[PDB]
């Protein structure tokens, strides 16, 4: 009935069929926000999954709407193996328990696994 509206802060190219493409400045209305870090959004003549990372809102552009860290950590387990790609990312194996310390909206959460701390995809994690 009254959809939130956001503004693309960079160009995005579709990698998959479900995705939508962006060009900087595009103004989208947001249909669904997934903790995955992918948001379903509509334009004129276009609708698809968009990385939330690539959006400012049209409200208070520089203020974050991310949660804030919980350095006590919260219990999660990996549902699917992921290999680190960047240096700040954490490789896990399916089934490993971790502690989530920051549920960033972008889909790349901060986690602690014993003596390694870093970024990991929220889509590949689950609660316990």
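Numbering follows the first chain given and starts at 1.
**OP:** Select between 59-67 and 91-99 the stretch whose C-alpha atoms have the higher average B-factor in the entry.
**Re:** Taking the mean C-alpha B-factor of 59-67 and of 91-99, the larger value falls to 59-67.
**OP:** Pull the Cα B-factor of residue 19 out of the PDB entry and bin it into the chain's lowest, middle or highest third.
**Re:** Tercile = lowest for this residue's CA B-factor.
**OP:** Looking at the entry's B-factor column for C-alpha atoms only, identify whether residue 48 ranks in the lowest, middle or highest third of its chain.
**Re:** It falls in the middle third of the chain.
Original post:
Compared with the other modelled residues in the chain, in which third is the CA B-factor of residue 9?
Top reply: Its C-alpha B-factor belongs to the highest third of this chain's values.
**OP:** Would you mind checking where the Cα B-factor of residue 122 ranks among the modelled residues of its chain, as the lowest, middle or highest third?
**Re:** Lowest third.
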